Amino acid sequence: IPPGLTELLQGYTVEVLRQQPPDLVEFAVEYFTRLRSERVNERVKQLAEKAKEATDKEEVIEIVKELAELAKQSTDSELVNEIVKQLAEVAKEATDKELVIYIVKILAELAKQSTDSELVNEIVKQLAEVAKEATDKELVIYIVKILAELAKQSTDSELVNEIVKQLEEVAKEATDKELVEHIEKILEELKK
């Protein structure tokens, strides 16, 4: 017998006897989905604390890699959004530009592959936040072009309008005149 099987089935048995569900299969899906959700949520919270306490870029990169793979393998929209929030905090904290770029690309890839419009909209806002904080025009224009790609690959006019609005604020907050003119040119293209 593999370790934990007895305790796992005993836990489900207790709740069956307490709650007296009419359909044990339905109730099993609910019970074990909850346990899976509780465990992965705690793993994500543990990784976030570990990334916050880490004193080395290599430890943070390995945490980011595990978060990216958890997000990719999950179909739970709520969990992916929480992982996106936690990756955003790591990128904000990061002082190694390689790590910020790595996170930006994880977010870009998650957004481009997702069919959940609420999630893509949240990722748009997190990417624009990184661009607003950046003090490197090459990073800003990189993110702006990622957002422009999301807009042109979308047939959802509401997503396009939110990206346009985010890009207008990024142009407002950017300090290099040539960079601002470049963003405004990408903007007018999306408005057409």
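All residue numbers are counted from 1 along the displayed sequence.
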ask   = Which wins on mean Cα temperature factor, 49 to 57 or 163 to 171?
value = 49 to 57
key: Stretch with the higher entry mean CA B-factor, where the candidates are 98 to 106 and 77 to 85   = 77 to 85
inquiry  = Checking the record values for 62, 129, 30, 69, which has the greatest CA B factor?
reply    = 30
request  = Could you say whether, by C-alpha temperature factor, residue 181 belongs to the lowest, middle or highest third of its chain?
outcome  = middle
message = Quick check on the deposited entry: does the C-alpha B-factor of residue 145 sit in the lowest, middle or highest third of its chain?
response = lowest
key: Third assignment of residue 138 from its chain's C-alpha B-factors   = middle
